[PDB]
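[1] this one's a deposited entry, sequence included:
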Amino acid sequence: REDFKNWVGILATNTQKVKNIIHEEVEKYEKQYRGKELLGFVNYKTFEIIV
Amino acid sequence: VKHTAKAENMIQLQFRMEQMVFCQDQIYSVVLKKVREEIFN
């Protein structure tokens, strides 16, 4: 159980960590990808690629 | 008549323009208006 309680800690820790990734992605999406796609609204493919 | 035709084409052209959904900075003011109407209210 000590290990499985640790595994929640990694999921939260990793959930803090991805914020650098999404950040860079959003500025790639802003400087291109939804302006490529005739100006929405939220785009799904940027949302799929990050996850 | 020469001018009724200039007029009749121009109205047509202005509507031909509005088929394209084009977005600009002035939407934030009215996207706030959604949050006013449908969320705060």
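    Perfect, thanks for sending it. Numbers count the residues shown, from 1 in each chain, chains lettered A, B, ... in the order given.

[2] what strand or helix carries residue A:23?
    Taking DSSP states H and E as the criterion, residue A:23 maps to helix A:19-28.

[3] in that helix, what's buried?
    Within helix A:19-28, the residues scored as buried using 16 or more other CB atoms under 10 Å in any protein chain shown are residue A:25. Every C-beta, even on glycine, is put in place using the N, C-alpha and C of the backbone.

[4] who are the packing partners of that helix?
    Helix A:19-28 is packed against helix A:44-50, with contacts defined by 3 or more CB pairs under 8 Å, 6 or more residues apart in numbering or on different chains; DSSP states H and E.

[5] from the contact counts, what lies against the helix it packs on?
    helix A:19-28.

[6] what about whichever residue of chain B sits closest to chain A, how many residues nearby?
    Of all residues in chain B, residue B:23 sits closest to chain A, at 4.1 Å by CB to the nearest CB. The number of residues packed near residue B:23 is 12, by other CB atoms under 10 Å in any protein chain shown.

[7] and for residue A:3?
    Residue A:3 has 6 nearby residues by other CB under 10 Å.

[8] same check on the one 4 residues further on?
    Residue A:7: 9 surrounding residues under other CB under 10 Å.

[9] which helix or strand contains it?
    With DSSP H and E as criterion, residue A:7 is part of helix A:2-17.

[10] and the helices in chain B?
    Under the criterion DSSP state H, chain B contains helices at B:2-17, B:27-35.

[11] including mean neighbour count, could the ones you listed go into JSON lines?
    Formatted as JSON lines, these follow (neighbours: other CB atoms under 10 Å in any protein chain shown):
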{"stretch": "helix B:2-17", "mean neighbour count": "9"}
{"stretch": "helix B:27-35", "mean neighbour count": "10"}
